[PDB]
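**Q** Questions regarding the structure given below will be posed in turn.
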Amino acid sequence: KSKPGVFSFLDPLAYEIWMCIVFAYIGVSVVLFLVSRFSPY
Amino acid sequence: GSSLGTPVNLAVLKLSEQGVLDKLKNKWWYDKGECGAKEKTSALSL
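Protein chains in written order, with the entry's author numbering: chain A, 505 to 545; chain D, 739 to 775, 781 to 789.
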């Protein structure tokens, strides 16, 4: 009786995709902050 | 000029009509054949 793993809900996407999702989240947030709070307008 | 012409002609015709040759082909091509004629789904990759 295959006991489903906790964090089996992540199985549809590979570990690399989640990793790069986190990386892209950080990059997007930083670029947004930058391009919103740089110009002394 | 061999006396074996008509008999072999009739033999192959009889075999074809009854179905021996097809069985032999199945035996030596499909049967006696390694691969005959579902995989779990994979997680998406980058």
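For each residue, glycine too, the CB sits at the ideal point set by N, CA and C.
Spell out the partners DSSP gives residue 793/D in its beta bridges.
**A** Residue 793/D falls outside the range modelled here, since chain D spans only 739 to 789, and no answer is possible.
**Q** Check the C-beta distance from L787/D over to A518/A and give it rounded, since I have them as a contact under 8 Å.
**A** About 6 Å separates the two Cβ atoms, so the contact holds.
**Q** What did DSSP end up calling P745/D once you bin it into helix, strand or coil?
**A** DSSP places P745/D in helix when its eight states are reduced to three.
**Q** Does the beta carbon of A518/A sit closer than 8 Å to a beta carbon anywhere in chain D?
**A** By this cut-off, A518/A is an interface position.
**Q** Going along the region 745-756 of chain D in order, which residues come within less than 9 Å of chain A, judged by CB to CB distance?
**A** Going along the region 745-756 of chain D in chain order, one finds no residue with a Cβ nearer than 9 Å to chain A.
**Q** Beta carbon of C524/A, beta carbon of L789/D: below 8 Å?
**A** Against a cut-off of 8 Å, the Cβ pair of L789/D and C524/A comes out as a contact.
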